[PDB]
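**Student:** Just input_5.cif, nothing more (mmCIF, C-alpha atoms and all ligand atoms):
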data_run
loop_
_atom_site.label_atom_id
_atom_site.label_comp_id
_atom_site.auth_asym_id
_atom_site.auth_seq_id
_atom_site.Cartn_x
_atom_site.Cartn_y
_atom_site.Cartn_z
CA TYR A 1 121.87 191.27 90.88
CA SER A 2 123.74 190.09 87.79
CA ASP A 3 125.83 192.58 85.81
CA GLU A 4 123.24 192.34 83.02
CA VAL A 5 120.39 193.34 85.32
CA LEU A 6 122.40 196.12 86.97
CA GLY A 7 123.61 197.29 83.56
CA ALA A 8 120.11 197.49 82.11
CA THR A 9 118.78 199.33 85.16
CA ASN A 10 121.57 201.92 85.04
CA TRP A 11 121.19 202.43 81.29
CA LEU A 12 117.44 203.04 81.61
CA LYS A 13 117.77 205.25 84.69
CA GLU A 14 120.20 207.53 82.85
CA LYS A 15 117.55 207.91 80.14
CA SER A 16 114.69 208.16 82.64
CA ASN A 17 113.52 211.55 81.41
CA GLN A 18 114.54 211.51 77.76
CA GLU A 19 111.60 212.59 75.59
CA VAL A 20 110.87 210.14 72.76
CA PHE A 21 108.15 209.38 70.24
CA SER A 22 105.84 206.43 70.78
CA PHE A 23 104.82 204.41 67.71
CA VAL A 24 102.92 201.20 67.22
CA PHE A 25 103.59 199.07 64.14
CA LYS A 26 100.68 196.80 63.35
CA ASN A 27 98.74 195.06 60.66
CA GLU A 28 95.07 194.36 60.10
CA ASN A 29 93.31 191.49 58.41
CA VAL A 30 92.61 191.97 54.72
CA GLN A 31 90.62 189.98 52.19
CA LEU A 32 91.33 190.76 48.55
CA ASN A 33 89.33 188.92 45.91
CA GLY A 34 88.69 186.02 48.28
CA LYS A 35 92.37 185.89 49.30
CA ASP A 36 92.85 186.04 53.06
CA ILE A 37 95.81 188.09 54.28
CA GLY A 38 96.14 187.60 58.03
CA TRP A 39 98.53 188.91 60.64
CA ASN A 40 101.05 186.17 59.83
CA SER A 41 100.83 186.29 56.04
CA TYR A 42 104.19 188.03 55.72
CA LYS A 43 106.64 185.17 56.04
CA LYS A 44 108.93 185.72 53.07
CA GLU A 45 112.50 185.94 54.31
CA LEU A 46 113.92 188.59 52.01
CA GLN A 47 117.56 188.08 51.09
CA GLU A 48 118.66 191.67 51.71
CA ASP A 49 121.86 191.53 53.80
CA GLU A 50 120.78 194.04 56.48
CA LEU A 51 117.36 192.42 56.91
CA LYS A 52 119.00 189.01 57.26
CA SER A 53 121.31 190.40 59.94
CA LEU A 54 118.40 191.98 61.77
CA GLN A 55 116.41 188.77 61.66
CA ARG A 56 119.35 186.84 63.09
CA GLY A 57 119.49 189.37 65.93
CA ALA A 58 115.82 188.76 66.74
CA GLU A 59 116.32 184.98 66.73
CA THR A 60 119.29 185.21 69.07
CA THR A 61 117.45 187.72 71.30
CA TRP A 62 114.61 185.20 71.59
CA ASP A 63 117.03 182.34 72.24
CA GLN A 64 118.97 184.14 74.97
CA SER A 65 115.86 185.48 76.74
CA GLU A 66 114.13 182.09 76.75
CA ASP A 67 113.60 180.66 80.22
CA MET A 68 114.20 176.93 79.78
CA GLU A 69 113.18 176.16 83.35
CA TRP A 70 109.65 176.35 81.98
CA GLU A 71 108.42 174.86 78.70
CA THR A 72 107.45 177.13 75.81
CA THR A 73 104.72 176.05 73.38
CA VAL A 74 104.61 179.17 71.21
CA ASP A 75 103.84 178.14 67.63
CA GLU A 76 106.87 178.01 65.35
CA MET A 77 104.99 179.99 62.69
CA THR A 78 104.27 182.70 65.25
CA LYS A 79 107.93 182.97 66.30
CA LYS A 80 109.03 183.07 62.67
CA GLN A 81 106.63 185.88 61.84
CA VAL A 82 107.66 187.90 64.90
CA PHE A 83 111.37 187.59 63.99
CA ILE A 84 110.58 188.75 60.48
CA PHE A 85 108.52 191.70 61.75
CA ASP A 86 111.33 192.66 64.12
CA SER A 87 113.67 192.92 61.15
CA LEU A 88 111.13 194.87 59.07
CA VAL A 89 110.24 197.33 61.84
CA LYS A 90 113.89 198.09 62.44
CA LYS A 91 114.59 198.39 58.70
CA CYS A 92 111.87 201.08 58.60
CA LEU A 93 113.38 202.94 61.54
CA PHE A 94 116.86 202.79 60.05
CA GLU A 95 115.62 203.94 56.61
CA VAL A 96 114.07 207.04 58.14
CA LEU A 97 117.20 207.68 60.23
CA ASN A 98 119.22 207.58 56.99
CA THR A 99 116.85 210.11 55.38
CA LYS A 100 117.66 212.51 58.23
CA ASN A 101 121.39 211.66 58.27
CA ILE A 102 121.08 210.56 61.89
CA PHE A 103 123.98 208.50 63.23
CA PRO A 104 122.45 205.39 64.82
CA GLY A 105 124.51 205.90 67.98
CA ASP A 106 122.83 209.27 68.54
CA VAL A 107 119.44 207.56 68.86
CA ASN A 108 117.79 205.89 71.82
CA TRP A 109 115.19 203.31 70.91
CA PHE A 110 113.23 200.45 72.39
CA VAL A 111 111.13 197.86 70.58
CA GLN A 112 108.59 195.46 72.14
CA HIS A 113 106.39 192.92 70.36
CA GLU A 114 103.10 192.22 72.08
CA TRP A 115 99.78 190.47 71.58
CA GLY A 116 96.77 192.63 72.34
CA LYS A 117 93.39 191.30 73.45
CA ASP A 118 91.62 192.76 70.43
CA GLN A 119 94.28 193.65 67.86
CA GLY A 120 96.64 190.70 68.28
CA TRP A 121 100.27 191.16 67.18
CA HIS A 122 101.71 194.65 67.30
CA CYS A 123 105.07 196.24 67.98
CA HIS A 124 105.75 199.22 70.23
CA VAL A 125 108.61 201.50 69.31
CA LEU A 126 110.03 204.26 71.48
CA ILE A 127 112.56 206.39 69.64
CA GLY A 128 114.23 209.74 70.18
CA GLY A 129 117.46 211.65 70.65
CA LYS A 130 119.18 215.01 70.18
CA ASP A 131 118.24 215.11 66.47
CA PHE A 132 114.54 214.73 67.34
CA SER A 133 111.88 217.38 68.08
CA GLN A 134 108.17 216.97 68.88
CA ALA A 135 107.00 218.88 65.79
CA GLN A 136 108.55 216.17 63.59
CA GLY A 137 106.32 213.42 64.95
CA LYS A 138 103.69 213.53 62.20
CA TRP A 139 106.38 213.43 59.51
CA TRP A 140 108.03 210.48 61.25
CA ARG A 141 104.76 208.54 61.44
CA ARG A 142 104.02 209.16 57.76
CA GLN A 143 107.53 208.16 56.63
CA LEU A 144 107.56 205.06 58.82
CA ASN A 145 104.18 204.05 57.42
CA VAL A 146 105.50 204.44 53.85
CA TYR A 147 108.40 202.09 54.52
CA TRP A 148 106.28 199.72 56.61
CA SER A 149 103.66 199.32 53.90
CA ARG A 150 106.39 198.91 51.27
CA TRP A 151 108.17 196.15 53.19
CA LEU A 152 104.97 194.37 54.14
CA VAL A 153 103.92 194.12 50.50
CA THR A 154 107.39 192.78 49.67
CA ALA A 155 107.30 190.22 52.50
CA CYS A 156 103.70 189.05 51.90
CA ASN A 157 103.65 185.28 51.27
CA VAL A 158 100.18 185.25 49.71
CA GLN A 159 100.31 185.06 45.91
CA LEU A 160 99.00 188.47 44.83
CA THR A 161 98.32 190.07 41.47
CA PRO A 162 99.95 193.45 40.88
CA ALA A 163 96.55 195.14 41.41
CA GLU A 164 96.17 193.34 44.73
CA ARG A 165 99.68 194.29 45.89
CA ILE A 166 98.96 197.94 45.16
CA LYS A 167 95.62 197.70 46.96
CA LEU A 168 97.34 196.18 49.99
CA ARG A 169 99.97 198.92 49.92
CA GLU A 170 97.18 201.54 49.85
CA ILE A 171 95.30 199.85 52.71
CA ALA A 172 98.35 199.74 54.99
CA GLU A 173 98.91 203.47 54.41
CA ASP A 174 95.33 204.75 54.43
CA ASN A 175 94.44 202.78 57.58
CA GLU A 176 97.64 203.93 59.33
CA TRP A 177 99.32 200.64 60.18
CA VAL A 178 101.90 202.78 61.93
CA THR A 179 100.33 204.84 64.71
CA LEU A 180 101.76 207.77 66.68
CA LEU A 181 100.85 208.56 70.29
CA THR A 182 99.02 211.87 70.54
CA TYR A 183 97.16 213.68 73.27
CA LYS A 184 93.47 212.77 73.41
CA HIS A 185 91.34 215.07 71.25
CA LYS A 186 88.24 215.54 69.10
CA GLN A 187 87.90 214.08 65.60
CA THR A 188 87.71 217.61 64.18
CA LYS A 189 90.33 219.17 66.46
CA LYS A 190 94.09 219.12 66.03
CA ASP A 191 96.13 216.19 67.28
CA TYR A 192 99.37 216.98 69.08
CA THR A 193 102.26 214.55 69.25
CA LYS A 194 102.67 213.19 72.79
CA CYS A 195 106.25 212.44 73.69
CA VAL A 196 106.88 209.94 76.47
CA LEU A 197 109.73 209.52 78.92
CA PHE A 198 111.97 206.70 77.65
CA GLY A 199 113.40 205.07 80.77
CA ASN A 200 110.24 205.54 82.82
CA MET A 201 107.91 204.03 80.24
CA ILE A 202 110.20 201.03 79.78
CA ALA A 203 110.75 200.29 83.48
CA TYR A 204 107.27 201.06 84.73
CA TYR A 205 105.22 199.74 81.83
CA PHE A 206 106.86 197.64 79.10
CA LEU A 207 109.00 195.62 81.51
CA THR A 208 105.93 194.77 83.62
CA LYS A 209 104.29 192.70 80.88
CA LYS A 210 103.90 188.92 81.09
CA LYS A 211 105.89 186.73 78.67
CA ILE A 212 103.96 184.87 76.03
CA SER A 213 104.71 181.16 76.31
CA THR A 214 101.72 179.56 74.55
CA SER A 215 99.63 179.51 71.42
CA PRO A 216 97.20 181.15 71.45
CA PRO A 217 99.19 183.94 73.19
CA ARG A 218 98.15 185.28 76.57
CA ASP A 219 96.24 188.53 76.15
CA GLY A 220 98.45 191.56 76.70
CA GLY A 221 101.65 189.52 76.79
CA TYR A 222 105.00 190.31 75.19
CA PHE A 223 107.03 188.19 72.77
CA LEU A 224 110.34 189.92 72.45
CA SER A 225 112.04 193.23 73.29
CA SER A 226 115.20 195.00 72.26
CA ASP A 227 116.87 198.36 72.60
CA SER A 228 119.63 200.45 71.08
CA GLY A 229 122.05 199.48 73.87
CA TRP A 230 121.29 195.74 73.67
CA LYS A 231 120.46 196.11 77.37
CA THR A 232 117.03 194.53 77.78
CA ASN A 233 117.29 192.12 74.83
CA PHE A 234 118.51 189.02 76.58
CA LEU A 235 116.66 189.46 79.87
CA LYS A 236 114.27 186.71 80.99
CA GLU A 237 110.84 187.72 82.34
CA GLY A 238 112.03 187.39 85.94
CA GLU A 239 115.07 189.56 85.29
CA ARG A 240 112.93 192.21 83.63
CA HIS A 241 110.81 192.49 86.80
CA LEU A 242 114.02 192.78 88.83
CA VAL A 243 115.04 195.72 86.62
CA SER A 244 111.72 197.45 87.38
CA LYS A 245 112.24 196.82 91.10
CA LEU A 246 115.79 198.22 91.12
CA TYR A 247 114.79 201.15 88.89
CA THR A 248 112.43 202.31 91.63
NA NA B 301 111.93 189.23 55.19
NA NA B 302 112.76 193.35 69.58
ZN ZN B 303 100.84 196.73 73.34
#
Give the structure from the file, written as structure tokens.
**Tutor:**
Amino acid sequence: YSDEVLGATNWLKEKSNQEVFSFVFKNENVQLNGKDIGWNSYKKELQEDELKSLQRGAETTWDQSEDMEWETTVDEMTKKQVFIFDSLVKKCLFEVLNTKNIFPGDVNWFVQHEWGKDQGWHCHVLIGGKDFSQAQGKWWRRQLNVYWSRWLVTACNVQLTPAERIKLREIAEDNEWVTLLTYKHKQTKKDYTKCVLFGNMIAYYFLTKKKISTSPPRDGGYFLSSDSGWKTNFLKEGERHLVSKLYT
């Protein structure tokens, strides 16, 4: 019952019932003119000051949450790419917040990088607050996907022609590399944004995942998490499960 564990539990419990959007940031494999663009083909470290700061935050979040009791054989390239994506995802969120003149302190958010059985790397984002309403969900997904596709094309480490960069930009938008949780529906029928409950989804779902410690990653595992209160960031897997236990 460290102060960090108690602090995270309390912070989540206070936001147990806060409605938030659920997004997933992802990428998909692309081949353009024989050039293979895979999930980890975005390893340029762009020298924008904010992005650099965000990437350092991801690195230190990884470092502090690492359990050194056990060995970790995650590929260095994999870690690098995840740190970079953490910075890019958050840049996208912050760019849209700026568009709406939303003070970052008025926002609750949670980010978790995972490796899915079929899709591989992806990043869950829960985000909401007083300046948010359900009807804005579609707009948010579209805007986030604009910035996500823009940054991915900038960060891509594969040498691309201008025509190929534009094609890749189009693919990331048209194939919705940012998804929004909606209620189940029919292909023809309307899709309604499905808000989730912030604290509950974190404690009862995201904090139950198993930590990736190998390459290839364990199916369904998580790499790295963070939140707007820096509450879950530094927690080791064992501590995260304690938070779930105390939250109940
Ligand atoms: Na970068
Ligand atoms: Na994170
Ligand atoms: Zn996932």
**Student:** Return as a list in words the residues of protein, DNA or RNA that approach ligand NA 302 (chain B) to within 7 Å, with only C-alpha atoms and all ligand atoms taken into account.
**Tutor:**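 Protein and nucleic-acid residues within 7 Å of ligand NA 302 (chain B): residues 58, 86, 111, 112, 113, 224, 225 and 226 of chain A.
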**Student:** Show me, as a Markdown table, the residues of chain A having an atom within 12 Å of ligand ZN 303 (chain B), each with the closest atom pair and its distance in Å, using only C-alpha atoms and all ligand atoms.
**Tutor:**
| residue | atom | partner | partner_atom | distance |
| --- | --- | --- | --- | --- |
| A:22 | CA | B:ZN303 | ZN | 11.2 |
| A:23 | CA | B:ZN303 | ZN | 10.3 |
| A:24 | CA | B:ZN303 | ZN | 7.9 |
| A:25 | CA | B:ZN303 | ZN | 9.9 |
| A:26 | CA | B:ZN303 | ZN | 10.0 |
| A:111 | CA | B:ZN303 | ZN | 10.7 |
| A:112 | CA | B:ZN303 | ZN | 7.9 |
| A:113 | CA | B:ZN303 | ZN | 7.4 |
| A:114 | CA | B:ZN303 | ZN | 5.2 |
| A:115 | CA | B:ZN303 | ZN | 6.6 |
| A:116 | CA | B:ZN303 | ZN | 5.9 |
| A:117 | CA | B:ZN303 | ZN | 9.2 |
| A:118 | CA | B:ZN303 | ZN | 10.5 |
| A:119 | CA | B:ZN303 | ZN | 9.1 |
| A:120 | CA | B:ZN303 | ZN | 8.9 |
| A:121 | CA | B:ZN303 | ZN | 8.3 |
| A:122 | CA | B:ZN303 | ZN | 6.4 |
| A:123 | CA | B:ZN303 | ZN | 6.8 |
| A:124 | CA | B:ZN303 | ZN | 6.3 |
| A:125 | CA | B:ZN303 | ZN | 10.0 |
| A:179 | CA | B:ZN303 | ZN | 11.9 |
| A:205 | CA | B:ZN303 | ZN | 10.0 |
| A:206 | CA | B:ZN303 | ZN | 8.4 |
| A:207 | CA | B:ZN303 | ZN | 11.6 |
| A:208 | CA | B:ZN303 | ZN | 11.6 |
| A:209 | CA | B:ZN303 | ZN | 9.2 |
| A:210 | CA | B:ZN303 | ZN | 11.4 |
| A:219 | CA | B:ZN303 | ZN | 9.8 |
| A:220 | CA | B:ZN303 | ZN | 6.6 |
| A:221 | CA | B:ZN303 | ZN | 8.0 |
| A:222 | CA | B:ZN303 | ZN | 7.9 |
| A:223 | CA | B:ZN303 | ZN | 10.6 |
| A:224 | CA | B:ZN303 | ZN | 11.7 |
| A:225 | CA | B:ZN303 | ZN | 11.7 |
**Student:** Which distance in Å separates CA of residue 162 (chain A) and CA of residue 149 (chain A), to one decimal?
**Tutor:** 14.8 Å
**Student:** For ligand NA 301 (chain B), which residue among A:144, A:212, A:160, A:46 is the nearest when counting only C-alpha atoms and all ligand atoms?
**Tutor:** A:46
**Student:** What residues of the protein or nucleic acid chains come within 9 Å of ligand NA 301 (chain B) when you use all atoms listed in the file? Reply as a VMD selection string.
**Tutor:** chain A and resid 42 to 48 51 to 52 55 83 to 85 87 to 88 151 to 152 154 to 156
**Student:** Ranking A:196, A:79, A:173, A:203 by minimum distance to residue 245 (chain A) and counting only C-alpha atoms, which one comes first?
**Tutor:**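 Selected residue with least distance to residue 245 (chain A): A:203.
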**Student:** Quick one: distance from CA of residue 90 (chain A) to CA of residue 184 (chain A) in Å, one decimal?
**Tutor:**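 Result for CA of residue 90 (chain A) versus CA of residue 184 (chain A): 27.4 Å, one decimal.
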**Student:** What would region 97-112 of chain A look like with N, CA and C atoms restored, written as a short mmCIF file (atom, residue, chain, number, x, y, z; two decimals), keeping the file's coordinate frame?
**Tutor:**
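Written out: selection_27.cif:
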data_model
loop_
_atom_site.label_atom_id
_atom_site.label_comp_id
_atom_site.auth_asym_id
_atom_site.auth_seq_id
_atom_site.Cartn_x
_atom_site.Cartn_y
_atom_site.Cartn_z
N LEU A 97 115.98 207.08 59.69
CA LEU A 97 117.20 207.68 60.23
C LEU A 97 118.16 208.12 59.11
N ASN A 98 118.35 207.26 58.11
CA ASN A 98 119.22 207.58 56.99
C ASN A 98 118.74 208.84 56.25
N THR A 99 117.42 208.95 56.07
CA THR A 99 116.85 210.11 55.38
C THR A 99 117.23 211.41 56.09
N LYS A 100 117.29 211.35 57.42
CA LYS A 100 117.66 212.51 58.23
C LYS A 100 119.14 212.58 58.56
N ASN A 101 119.95 211.69 57.98
CA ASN A 101 121.39 211.66 58.27
C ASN A 101 121.67 211.57 59.77
N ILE A 102 120.89 210.74 60.45
CA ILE A 102 121.08 210.56 61.89
C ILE A 102 121.94 209.33 62.16
N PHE A 103 123.06 209.56 62.83
CA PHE A 103 123.98 208.50 63.23
C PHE A 103 123.27 207.60 64.24
N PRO A 104 123.27 206.29 64.00
CA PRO A 104 122.45 205.39 64.82
C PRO A 104 122.80 205.48 66.31
N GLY A 105 124.07 205.73 66.61
CA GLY A 105 124.51 205.90 67.98
C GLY A 105 123.97 207.13 68.69
N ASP A 106 123.39 208.06 67.94
CA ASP A 106 122.83 209.27 68.54
C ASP A 106 121.34 209.10 68.84
N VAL A 107 120.85 207.87 68.71
CA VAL A 107 119.44 207.56 68.86
C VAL A 107 119.22 206.61 70.02
N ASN A 108 118.22 206.88 70.85
CA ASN A 108 117.79 205.89 71.82
C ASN A 108 116.50 205.25 71.32
N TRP A 109 116.44 203.93 71.28
CA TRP A 109 115.19 203.31 70.91
C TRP A 109 114.96 202.01 71.67
N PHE A 110 113.69 201.63 71.70
CA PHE A 110 113.23 200.45 72.39
C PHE A 110 112.08 199.88 71.57
N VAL A 111 112.11 198.56 71.38
CA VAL A 111 111.13 197.86 70.58
C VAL A 111 110.53 196.73 71.43
N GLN A 112 109.20 196.60 71.46
CA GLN A 112 108.59 195.46 72.14
C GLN A 112 107.37 194.92 71.39
#
